[PDB]
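Quick look at entry-v2.cif (mmCIF, C-alpha atoms; chains and numbers go by the auth columns):
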data_data
loop_
_atom_site.group_PDB
_atom_site.id
_atom_site.type_symbol
_atom_site.label_atom_id
_atom_site.label_comp_id
_atom_site.label_asym_id
_atom_site.label_seq_id
_atom_site.Cartn_x
_atom_site.Cartn_y
_atom_site.Cartn_z
_atom_site.B_iso_or_equiv
_atom_site.auth_seq_id
_atom_site.auth_asym_id
ATOM 1 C CA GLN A 1 112.337 -39.268 -18.806 0.00 54 D
ATOM 2 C CA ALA A 2 111.533 -37.241 -21.912 0.00 55 D
ATOM 3 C CA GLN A 3 108.505 -39.442 -22.581 0.00 56 D
ATOM 4 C CA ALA A 4 107.274 -38.796 -19.043 0.00 57 D
ATOM 5 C CA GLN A 5 107.335 -35.049 -19.613 0.00 58 D
ATOM 6 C CA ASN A 6 105.375 -35.476 -22.837 0.00 59 D
ATOM 7 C CA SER A 7 102.708 -37.664 -21.207 0.00 60 D
ATOM 8 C CA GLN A 8 102.180 -35.240 -18.336 0.00 61 D
ATOM 9 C CA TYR A 9 101.554 -32.405 -20.771 0.00 62 D
ATOM 10 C CA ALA A 10 99.095 -34.593 -22.663 0.00 63 D
ATOM 11 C CA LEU A 11 97.062 -34.812 -19.452 0.00 64 D
ATOM 12 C CA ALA A 12 97.388 -31.088 -18.757 0.00 65 D
ATOM 13 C CA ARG A 13 96.081 -30.284 -22.239 0.00 66 D
ATOM 14 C CA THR A 14 93.145 -32.622 -21.676 0.00 67 D
ATOM 15 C CA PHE A 15 91.964 -30.715 -18.614 0.00 68 D
ATOM 16 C CA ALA A 16 92.663 -27.309 -20.159 0.00 69 D
ATOM 17 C CA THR A 17 90.411 -28.200 -23.092 0.00 70 D
ATOM 18 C CA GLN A 18 87.694 -29.334 -20.694 0.00 71 D
ATOM 19 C CA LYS A 19 87.511 -25.978 -18.972 0.00 72 D
ATOM 20 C CA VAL A 20 87.968 -23.935 -22.152 0.00 73 D
ATOM 21 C CA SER A 21 85.036 -25.523 -23.967 0.00 74 D
ATOM 22 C CA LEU A 22 82.801 -25.302 -20.915 0.00 75 D
ATOM 23 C CA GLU A 23 83.449 -21.562 -20.767 0.00 76 D
ATOM 24 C CA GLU A 24 82.846 -21.004 -24.482 0.00 77 D
ATOM 25 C CA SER A 25 79.369 -22.527 -24.271 0.00 78 D
ATOM 26 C CA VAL A 26 77.934 -20.177 -21.655 0.00 79 D
ATOM 27 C CA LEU A 27 79.884 -17.317 -23.209 0.00 80 D
ATOM 28 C CA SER A 28 78.024 -17.739 -26.492 0.00 81 D
ATOM 29 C CA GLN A 29 74.781 -17.806 -24.594 0.00 82 D
ATOM 30 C CA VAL A 30 75.866 -14.647 -22.735 0.00 83 D
ATOM 31 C CA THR A 31 76.335 -12.914 -26.061 0.00 84 D
ATOM 32 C CA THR A 32 72.814 -14.001 -26.966 0.00 85 D
ATOM 33 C CA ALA A 33 71.356 -12.656 -23.737 0.00 86 D
ATOM 34 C CA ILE A 34 73.158 -9.323 -23.990 0.00 87 D
ATOM 35 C CA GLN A 35 71.811 -8.928 -27.515 0.00 88 D
ATOM 36 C CA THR A 36 68.195 -9.638 -26.541 0.00 89 D
ATOM 37 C CA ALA A 37 68.388 -7.239 -23.603 0.00 90 D
ATOM 38 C CA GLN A 38 69.769 -4.709 -26.067 0.00 91 D
ATOM 39 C CA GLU A 39 66.840 -5.188 -28.419 0.00 92 D
ATOM 40 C CA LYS A 40 64.300 -4.695 -25.653 0.00 93 D
ATOM 41 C CA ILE A 41 66.172 -1.595 -24.507 0.00 94 D
ATOM 42 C CA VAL A 42 65.902 -0.152 -28.014 0.00 95 D
ATOM 43 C CA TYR A 43 62.176 -0.758 -27.629 0.00 96 D
ATOM 44 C CA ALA A 44 62.206 1.159 -24.356 0.00 97 D
ATOM 45 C CA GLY A 45 63.265 4.018 -26.607 0.00 98 D
ATOM 46 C CA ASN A 46 59.900 3.726 -28.343 0.00 99 D
ATOM 47 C CA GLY A 47 58.301 7.130 -27.840 0.00 100 D
ATOM 48 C CA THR A 48 54.742 5.811 -27.945 0.00 101 D
ATOM 49 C CA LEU A 49 54.899 3.511 -24.911 0.00 102 D
ATOM 50 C CA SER A 50 52.338 3.948 -22.151 0.00 103 D
ATOM 51 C CA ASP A 51 53.505 3.534 -18.577 0.00 104 D
ATOM 52 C CA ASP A 52 51.690 0.219 -18.095 0.00 105 D
ATOM 53 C CA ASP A 53 53.178 -1.214 -21.280 0.00 106 D
ATOM 54 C CA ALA B 1 80.531 -11.855 -36.646 0.00 51 L
ATOM 55 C CA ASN B 2 79.015 -11.396 -33.212 0.00 52 L
ATOM 56 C CA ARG B 3 79.284 -7.606 -33.532 0.00 53 L
ATOM 57 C CA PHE B 4 77.554 -7.799 -36.920 0.00 54 L
ATOM 58 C CA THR B 5 74.745 -9.798 -35.317 0.00 55 L
ATOM 59 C CA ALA B 6 74.314 -7.228 -32.558 0.00 56 L
ATOM 60 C CA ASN B 7 74.023 -4.362 -35.020 0.00 57 L
ATOM 61 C CA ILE B 8 71.577 -6.272 -37.214 0.00 58 L
ATOM 62 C CA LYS B 9 69.159 -6.928 -34.358 0.00 59 L
ATOM 63 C CA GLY B 10 69.405 -3.375 -33.068 0.00 60 L
ATOM 64 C CA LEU B 11 68.732 -1.917 -36.502 0.00 61 L
ATOM 65 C CA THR B 12 65.692 -4.121 -37.054 0.00 62 L
ATOM 66 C CA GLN B 13 64.089 -3.065 -33.789 0.00 63 L
ATOM 67 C CA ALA B 14 64.924 0.552 -34.612 0.00 64 L
ATOM 68 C CA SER B 15 63.018 0.159 -37.872 0.00 65 L
ATOM 69 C CA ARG B 16 60.059 -1.023 -35.821 0.00 66 L
ATOM 70 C CA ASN B 17 60.450 2.138 -33.725 0.00 67 L
ATOM 71 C CA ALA B 18 60.260 4.231 -36.882 0.00 68 L
ATOM 72 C CA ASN B 19 57.010 2.489 -37.701 0.00 69 L
ATOM 73 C CA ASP B 20 55.692 3.276 -34.225 0.00 70 L
ATOM 74 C CA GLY B 21 56.448 6.908 -34.954 0.00 71 L
ATOM 75 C CA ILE B 22 54.703 6.846 -38.317 0.00 72 L
ATOM 76 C CA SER B 23 51.633 5.344 -36.654 0.00 73 L
ATOM 77 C CA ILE B 24 51.353 7.985 -33.934 0.00 74 L
ATOM 78 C CA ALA B 25 52.074 10.783 -36.402 0.00 75 L
ATOM 79 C CA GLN B 26 49.370 9.579 -38.761 0.00 76 L
ATOM 80 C CA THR B 27 46.797 9.428 -35.974 0.00 77 L
ATOM 81 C CA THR B 28 47.636 13.035 -35.112 0.00 78 L
ATOM 82 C CA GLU B 29 47.325 14.003 -38.782 0.00 79 L
ATOM 83 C CA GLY B 30 43.921 12.357 -38.959 0.00 80 L
ATOM 84 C CA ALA B 31 42.625 14.302 -35.979 0.00 81 L
ATOM 85 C CA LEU B 32 44.018 17.600 -37.240 0.00 82 L
ATOM 86 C CA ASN B 33 42.233 17.205 -40.569 0.00 83 L
ATOM 87 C CA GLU B 34 38.887 17.234 -38.769 0.00 84 L
ATOM 88 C CA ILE B 35 39.972 20.222 -36.700 0.00 85 L
ATOM 89 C CA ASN B 36 40.715 21.988 -39.982 0.00 86 L
ATOM 90 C CA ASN B 37 37.346 21.160 -41.512 0.00 87 L
ATOM 91 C CA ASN B 38 35.507 22.413 -38.467 0.00 88 L
ATOM 92 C CA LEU B 39 37.503 25.653 -38.531 0.00 89 L
ATOM 93 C CA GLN B 40 36.613 26.145 -42.195 0.00 90 L
ATOM 94 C CA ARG B 41 32.910 25.769 -41.447 0.00 91 L
ATOM 95 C CA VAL B 42 33.273 28.182 -38.524 0.00 92 L
ATOM 96 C CA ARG B 43 34.812 30.805 -40.797 0.00 93 L
ATOM 97 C CA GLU B 44 31.899 30.271 -43.170 0.00 94 L
ATOM 98 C CA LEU B 45 29.439 30.954 -40.359 0.00 95 L
ATOM 99 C CA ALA B 46 31.327 34.030 -39.180 0.00 96 L
ATOM 100 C CA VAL B 47 31.096 35.299 -42.756 0.00 97 L
ATOM 101 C CA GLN B 48 27.345 34.791 -42.731 0.00 98 L
ATOM 102 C CA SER B 49 26.900 36.524 -39.396 0.00 99 L
#
Could you take the file, read its structure, and then write that structure out as structure tokens?
Amino acid sequence: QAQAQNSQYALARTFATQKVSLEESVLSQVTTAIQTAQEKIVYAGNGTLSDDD
Amino acid sequence: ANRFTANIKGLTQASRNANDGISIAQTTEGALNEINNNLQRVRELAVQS
């Protein structure tokens, strides 16, 4: 009985890790994208830009 | 670490902004020098007149 409990939680941990890693990946890329959008915003602050640029 | 990265990138682009400013300012300075020279010659002529 005890062994059965342990095995079931092995499986649960397997699937939890699946989802966790899959999130982390796109989350890192989201950080990247936020940062690039930030940089191009800071360039919008450039006080020499013409309207077409 | 991610916060550090964010600040680094922002600061670099801000430095580029500062250079944009120096460029525009120097163009204005260049033009104003010629304005000044012309005004000096005009004062010279007014003196002659």
Sorted by chain and rising residue number, which residues of chain L lie within 12 Å of chain D, and what are their closest atom pairs and distances in Å to one decimal, counting all atoms listed in the file, as a Markdown table?
| residue | atom | partner | partner_atom | distance |
| --- | --- | --- | --- | --- |
| L:51 | CA | D:84 | CA | 11.4 |
| L:52 | CA | D:84 | CA | 7.8 |
| L:53 | CA | D:84 | CA | 9.6 |
| L:54 | CA | D:88 | CA | 11.1 |
| L:55 | CA | D:88 | CA | 8.4 |
| L:56 | CA | D:88 | CA | 5.9 |
| L:57 | CA | D:88 | CA | 9.1 |
| L:58 | CA | D:92 | CA | 10.0 |
| L:59 | CA | D:92 | CA | 6.6 |
| L:60 | CA | D:92 | CA | 5.6 |
| L:61 | CA | D:92 | CA | 8.9 |
| L:62 | CA | D:92 | CA | 8.8 |
| L:63 | CA | D:92 | CA | 6.4 |
| L:64 | CA | D:95 | CA | 6.7 |
| L:65 | CA | D:95 | CA | 10.3 |
| L:66 | CA | D:96 | CA | 8.5 |
| L:67 | CA | D:99 | CA | 5.6 |
| L:68 | CA | D:99 | CA | 8.6 |
| L:69 | CA | D:99 | CA | 9.9 |
| L:70 | CA | D:101 | CA | 6.8 |
| L:71 | CA | D:101 | CA | 7.3 |
| L:72 | CA | D:101 | CA | 10.4 |
| L:73 | CA | D:101 | CA | 9.3 |
| L:74 | CA | D:101 | CA | 7.2 |
| L:75 | CA | D:101 | CA | 10.2 |
| L:77 | CA | D:101 | CA | 11.9 |
re CA of residue 73 in chain D and CA of residue 58 in chain D: distance 22.5 Å
Given 8 Å of margin on each side, can you work out the centre and size in Å (one decimal) of an axis-aligned box holding every listed atom of range 93-97 of chain D, as AutoDock Vina command-line options?
--center_x 64.2 --center_y -1.8 --center_z -26.2 --size_x 20.0 --size_y 21.9 --size_z 19.7
Could you work out how far CA of residue 81 in chain L lies from CA of residue 98 in chain L, giving the answer in Å with one decimal?
26.4 Å
